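Here's the structure, in structure tokens; my notes come after.
Values in this text are rule-based calculations from the coordinates and carry no lab data. When we count neighbours, we look across all protein chains shown, and the Cβ atoms used for this are built from the backbone with ideal geometry, even at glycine.
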Amino acid sequence: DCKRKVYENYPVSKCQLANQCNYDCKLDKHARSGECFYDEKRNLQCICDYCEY
């Protein structure tokens with residue numbers, strides 16, 4: 001039972017960074033594995049997933 005959300009508002013240039021995504025995600029979104037991935041529109045965005053046992 002977890003949740004996820006994408007914020008296109010964020011800079012795509014950061015997508016290249018793997019430690020930057022989760023850093024900005026786990027920061028505000030308090031996610032756990034915040035990372036970016038190609039969307040259905042071939043658009044690269046940073047998605048944040050928040051899960052709590």
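Worth pointing out:
- Sites matching chymotrypsin sites (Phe, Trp or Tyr not before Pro) across the range 1-38 that sit in DSSP coil, with at most 15 neighbouring C-beta atoms within 10 Å: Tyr7
- Restricting the GluC sites (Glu not before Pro) of the chain to loop positions (DSSP other than H, G, I, E, B) with no more than 10 neighbouring Cβ atoms within 10 Å leaves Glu40, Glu52.
- Pairs of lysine residues in the chain - Cα separation under 17 Å, sequence separation of 8 or more or cross-chain: 8
- Proportion of all alpha-carbon pairs of the chain beyond 14 Å (%): 43
- Potential lengthening between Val6 and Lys41 on full extension [0.36 nm per residue; Cα-Cα distance subtracted]: 11.3 nm
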